[PDB]
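So the protein lines, in turn, are chains T and V. First residue of the first sequence: 237, per PDB author numbering; consecutive thereafter. First residue of the second sequence: 156, per PDB author numbering; consecutive thereafter. In this text, a Cβ means the ideal position worked out from N, Cα and C, and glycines have one as well. Here the structure is laid out as structure tokens; the discussion comes afterwards.
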Amino acid sequence: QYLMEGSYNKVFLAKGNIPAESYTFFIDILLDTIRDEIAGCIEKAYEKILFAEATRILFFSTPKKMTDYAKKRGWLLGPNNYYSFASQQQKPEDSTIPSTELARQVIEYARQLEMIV
Amino acid sequence: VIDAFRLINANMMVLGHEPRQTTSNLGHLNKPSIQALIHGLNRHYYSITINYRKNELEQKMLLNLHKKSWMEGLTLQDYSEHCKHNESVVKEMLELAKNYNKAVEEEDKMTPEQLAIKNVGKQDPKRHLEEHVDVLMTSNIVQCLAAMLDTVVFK
Numbered sequence: 237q238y239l240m241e242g243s244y245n246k247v248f249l250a251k252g253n254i255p256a257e258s259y260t261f262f263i264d265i266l267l268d269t270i271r272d273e274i275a276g277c278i279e280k281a282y283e284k285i286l287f288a289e290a291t292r293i294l295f296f297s298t299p300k301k302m303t304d305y306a307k308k309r310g311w312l313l314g315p316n317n318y319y320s321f322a323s324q325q326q327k328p329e330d331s332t333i334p335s336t337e338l339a340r341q342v343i344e345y346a347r348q349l350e351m352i353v
Numbered sequence: 156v157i158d159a160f161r162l163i164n165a166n167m168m169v170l171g172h173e174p175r176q177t178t179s180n181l182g183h184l185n186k187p188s189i190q191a192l193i194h195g196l197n198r199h200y201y202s203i204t205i206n207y208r209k210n211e212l213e214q215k216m217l218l219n220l221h222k223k224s225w226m227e228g229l230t231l232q233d234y235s236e237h238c239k240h241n242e243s244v245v246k247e248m249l250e251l252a253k254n255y256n257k258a259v260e261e262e263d264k265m266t267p268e269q270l271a272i273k274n275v276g277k278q279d280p281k282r283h284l285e286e287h288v289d290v291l292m293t294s295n296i297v298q299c300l301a302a303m304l305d306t307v308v309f310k
């Protein structure tokens, strides 16, 4: 529920050590997962921001940690990263010059209309 | 009002050439005017048939294939002119729309045309509305099909 919500600060791992019925070995691989999620969201989040502002929220603070997950993201180098990829995708709605695809369903609407009349 | 005819002389009538003409074809008597049919039949003529044969080449030349005639179909009309028309067309439907709101309230028996006249709206308010969109839709639809095609082809 917390991960879905978008919280990475009331997520808990302490409540998974209350059972020690071999739930205790799953936490090991769920301290990976919390990290993964913060990192994806940050790709969407920034059109571009400073390296300094973004590392403290990753909870990375050593360049090695930055590199490791950066590969998965597609981000290039360690302190340097391109958060920008995800933001870039929104902008193409601006075009109008090529009509055929942009208008859409030009063939479809015409065909049915012709049958009806 | 084209008939083929044959002459009636004193000699022809005595021979009985006049029934002889009907034989060998489908038979044809004229119609225009009452005075001209009685008078014509006795003194002037006997009437007989014309049928028509025109070949497929004759039909092809008859049709008048024409170069600009087909070209217009592709020829793109102004974008502002479609917008302007779209707005004008809507204005005819508005008029019809008052009659149309009243007609629709009760149409619970049979024959749409009677219902529509009865709960106000001469003939069919639905029909008038539909014809009005159809003409605009027709010009806009073909021009859009044509425009996208030409831009890509020429480029």
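For the alpha helix (DSSP H) assignment, the uninterrupted runs of no fewer than 4 residues enclosed by the region 281–345 of chain T are, from N- to C-terminal side, 287–294, 299–309, 321–324, 335–339. With its beta carbon less than 7 Å from one in chain T, residue 303 of chain V belongs to the interface. With fewer than 16 other beta carbons inside 10 angstroms of its own, residue 187 of chain V counts as exposed. For residue 230 of chain V, there are no neighbours in chain T by C-beta distance under 9 Å, as the nearest C-beta there is about 17 Å away. Not a single CB atom of chain V sits nearer than 7 Å to the CB of residue 297 of chain T. DSSP places residue 309 of chain V in the helix class (H, G or I) of the three-state scheme. Counting along the chain, residue 244 of chain T sits inside no beta strand (DSSP E), nor does DSSP assign it H or E at all. Within chain V, the residues placing a beta-carbon under 9 Å from that of residue 335 of chain T are 299, 302, 303, 306, 307, ordered along the chain. Secondary structure of residue 243 of chain V (DSSP, three-state): helix. If you check each beta-carbon in the region 271–302 of chain V against every beta-carbon of chain T, the ones closer than 9 Å belong to 289, 292, 293, 296, 297, 299, 300, 302. Interface with chain V (7 Å Cβ-Cβ cutoff): residue 281 of chain T is excluded. Around the Cβ of residue 225 of chain V, a 10 Å sphere holds fewer than 16 other Cβ atoms; the residue is exposed. The region 269–286 of chain T and the region 295–314 of chain T touch, with no fewer than 3 CB-CB distances between them shorter than 8 Å.
When secondary structure is reduced to three states using DSSP, residue 256 of chain T falls in the coil class, being assigned neither helix nor strand.
In the three-state scheme derived from DSSP, where H, G and I count as helix and E and B as strand, residue 218 of chain V is classed as helix. Residue pairing from DSSP leaves residue 234 of chain V without any beta-bridge partner. The criterion of a C-beta distance shorter than 7 Å is not satisfied by residue 280 of chain V and residue 249 of chain V.
Here the alpha carbons of residue 259 of chain V and residue 277 of chain V stand approximately 13 Å from one another. When the beta-carbon positions are compared, residue 244 of chain T and residue 252 of chain T stay at least 7 Å from each other. The alpha-carbon of residue 299 of chain V is positioned some 51 Å away from that of residue 314 of chain T. A residue is called buried once 16 or more other Cβ atoms fall within 10 Å of its Cβ, and residue 216 of chain V, having fewer, is exposed.
Residue 160 of chain V and residue 201 of chain V have their C-alpha atoms spaced approximately 6 Å apart.
For residue 159 of chain V, the enclosing beta strand (DSSP E) begins and ends at 159–162. Around the beta-carbon of residue 254 of chain V, 16 or more other beta-carbon atoms lie within 10 Å, marking it buried. A Cβ-Cβ contact shorter than 7 Å links residue 275 of chain V with residue 257 of chain V. At least one C-beta of chain V is nearer than 7 Å to the C-beta of residue 346 of chain T. Our two residues, residue 241 of chain T and residue 280 of chain T, have alpha carbons roughly 16 Å apart in a direct line.
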